[PDB]
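Next comes just one chain, in structure tokens: the form deposited in one PDB entry.
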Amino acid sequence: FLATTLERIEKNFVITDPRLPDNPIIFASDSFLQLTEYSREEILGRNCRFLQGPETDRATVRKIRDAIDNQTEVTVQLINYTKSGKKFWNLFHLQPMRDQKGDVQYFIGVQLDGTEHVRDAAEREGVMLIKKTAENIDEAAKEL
């Protein structure tokens, strides 16, 4: 699956379609593929939960479930795994994308990878970056 211009935006993100069974990934940027080690054909049509593994905090996963069910934004940190099983920390931001009547049409997820759980200045700078990125992608996705 060749990258669309959207997917060549130089940021780590995915877009899912909550109309399709299990809210699957339909767009995944090249940097997301580089991070996770999967090809685009391997992850399209799958729910993002395949990135989770034994050390993933399930309490945090439930925070994300609740955000999606209530169609609201969330920002959390959790451990995720690459295809080859390497752990990374994921500073993750979710937000819905709404149409001209205000209904959610897609979800946008922005991921910032790190080697540790961040706090204080590193957390603040991380969250500044992922929120700004989410806004950029919301604009890009308006024409999908």
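Don't overthink the numbering: it's just position in the shown sequence, from 1.
- Comparing 131 to 139 with 12 to 20, the stretch with the higher mean C-alpha B-factor in the PDB entry is 131 to 139.
- Looking at mean Cα B-factors across 115 to 123 and 57 to 65, the upper value is held by 115 to 123.
- Among all modelled residues in its chain, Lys101 ranks in the lowest third by Cα B-factor.
Keep in mind that the form solved in complex with a partner chain is not shown, yet the notes after this line are about it.
- The stretch that touches the partner chain in the entry with it bound, counting heavy atoms within 4.5 Å, is 35 to 43, out of 59 to 67, 79 to 87, 35 to 43, 109 to 117.
- Contact annotation: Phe92 falls outside 4.5 Å of the partner chain in the entry with it bound, judged by heavy atom distances.
- Within 4.5 Å of some heavy atom of the partner chain in the entry with it bound lies at least one heavy atom of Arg19.
- With a 4.5 Å cutoff on heavy atoms, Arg98 counts as touching the partner chain in the entry with it bound.
- Although the partner is absent here, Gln105 lies within 4.5 Å of the partner chain in the entry with it bound, judged by heavy atoms.
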